[PDB]
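**Q** these chains are from a complex, not moved at all, and more is on the way:
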Amino acid sequence: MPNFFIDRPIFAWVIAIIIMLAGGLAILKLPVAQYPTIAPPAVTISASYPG
C-alpha cells in the first residue's frame, strides 16, 4: 500500500525518474521495423536435372 511516499515524496519521485531513465535509453538500442518475426519459416530444396 502507498501512504508511505506521501511522507517521502522524493523517494517516490526517484522511482518515477529511474523507470524513465531506464527505458528511453532502451529507445536508443531497441531494434526497429514494421513487423516482428511473423510468418512461419520455410526451407527450400533446389535440384537440377538438366535437359
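**A** On my side now, so go ahead. Numbering: from 1, shown residues only, chains lettered A, B, ... in the order given.
**Q** all helices for chain A, in order.
**A** Assigned by DSSP state H, the helices in chain A fall at A:9-25.
**Q** start and end of stretch A:2-13, how far apart?
**A** Criterion CA to CA, to the nearest Å; first-to-last residue distance in stretch A:2-13 is 13 Å.
**Q** same check on stretch A:27-45?
**A** End to end - CA to CA - stretch A:27-45 spans 40 Å.
**Q** what's the answer for stretch A:26-37, then?
**A** 20 Å.
**Q** I'd like the distance between the residue positioned nearest the centre of chain A and residue A:15.
**A** In chain A, the C-alpha nearest the mean C-alpha coordinate belongs to residue A:30, at 6.1 Å (CA atoms, centre = their mean). Separation of residue A:30 from residue A:15 (CB to CB, to the nearest Å): 22 Å. The way it works is simple: take the backbone N, C-alpha and C, and place the C-beta from them, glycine included.
**Q** equivalent analysis for residue A:38, please.
**A** Distance, residue A:38 to residue A:15, using CB to CB: 36 Å.
**Q** chain B comes next; put it on the structure above:
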Amino acid sequence: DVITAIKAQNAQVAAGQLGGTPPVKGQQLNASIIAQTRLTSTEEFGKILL
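**A** Take a look at chain B, now in place beside the chains above:
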C-alpha cells in the same frame, strides 16, 4: 559387353530447346527437344543390340 549395352540403351540424353537460349530475330516457335529416355518394361530390356 552386356553391361555397357544396358548403359547405352537405357541412358537419358539432353539437347536444347528451339528458341530459348539466344535466338535469331523474330523466332515464333519455342519447344523442348526430347531425346533418349529410360526403358520402362522387361520387354524393352529384352531388345538390346548386344
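**Q** re the thing from before, residues touching the residue nearest to the centre of chain A, list them.
**A** By CB atoms under 8 Å, 6 or more residues apart in numbering or on different chains, residue A:30 lies in contact with nothing.
**Q** which parts of chain B sit against chain A?
**A** Applying CB under 8 Å from any CB of the partner chain, we find that chain B lies next to chain A at B:12-15, B:35.
**Q** need the max-distance pair from these.
**A** For those, the maximum inter-member distance is 11.3 Å, found between B:12 and B:15 (CB to CB).
**Q** what touches both of those two?
**A** Common neighbours of residue B:12 and residue B:15 (criterion: CB under 8 Å, 6+ apart): A:51, B:35.
**Q** and the residue of chain B that's closest to chain A?
**A** residue B:14 (2.4 Å; CB to the nearest CB).
**Q** name the SS class of that residue, please.
**A** coil (DSSP: H, G, I helix; E, B strand; the rest coil).
**Q** ok, it - how many residues close by?
**A** Residue B:14 sits with 11 neighbouring residues when counted by other CB atoms under 10 Å in any protein chain shown.
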